[PDB]
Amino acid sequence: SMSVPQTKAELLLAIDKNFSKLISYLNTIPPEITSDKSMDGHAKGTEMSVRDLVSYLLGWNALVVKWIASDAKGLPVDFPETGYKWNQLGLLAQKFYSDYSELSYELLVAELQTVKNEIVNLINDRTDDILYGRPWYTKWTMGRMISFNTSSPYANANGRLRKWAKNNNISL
């Protein structure tokens, strides 16, 4: 649907559309301002930087790749992550923050592009039946696990960046 992809084609489209927009925004923003803690954060009342936002996106995108790739190698997978429950997603996002705290904006953007390319490759190697035809992780399809961690967060990031750019001298 327009809300949540329900086919392989829709998933690829949402990724392509939302990521193309995101990368256009990330390539526009002067890197010199990407450490200002001037964006509203995920939890209300917090603040984050553009670099921090890229770090959060990278963590979710790397995670879904790790789930799929590890499963495909016949390895057990902890969801959402080893040591975390599904009601600890803020805590998990803070792991990403620490994981990537010393990485530059430029390296983060490059890494995000790399893992986005890898998720597209994983999708391309599969079919609609694999992605949407049956459950994969408990009640959820693989395709939904992918959009939940890629196209949906990309679109949220795009909206956050549009709002922020209005107060930071950036047209986009």
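Start at 1 and count along the sequence shown; that's the residue number.
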**Request:** Could you check the entry and say whether 142 to 150 or 43 to 51 has the higher mean CA B-factor?
**Result:** 43 to 51
**Asked** Do the C-alpha atoms of 151 to 159 or of 18 to 26 have the higher average B factor in the entry?
**Response** 18 to 26
**Fill in**
Of the residues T34, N61, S70, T114, the one whose Cα carries the largest B-factor in the deposited record is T114
**Request:** Select lowest, middle or highest to describe the third in which the CA B-factor of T7 falls within its chain in this entry.
**Result:** lowest
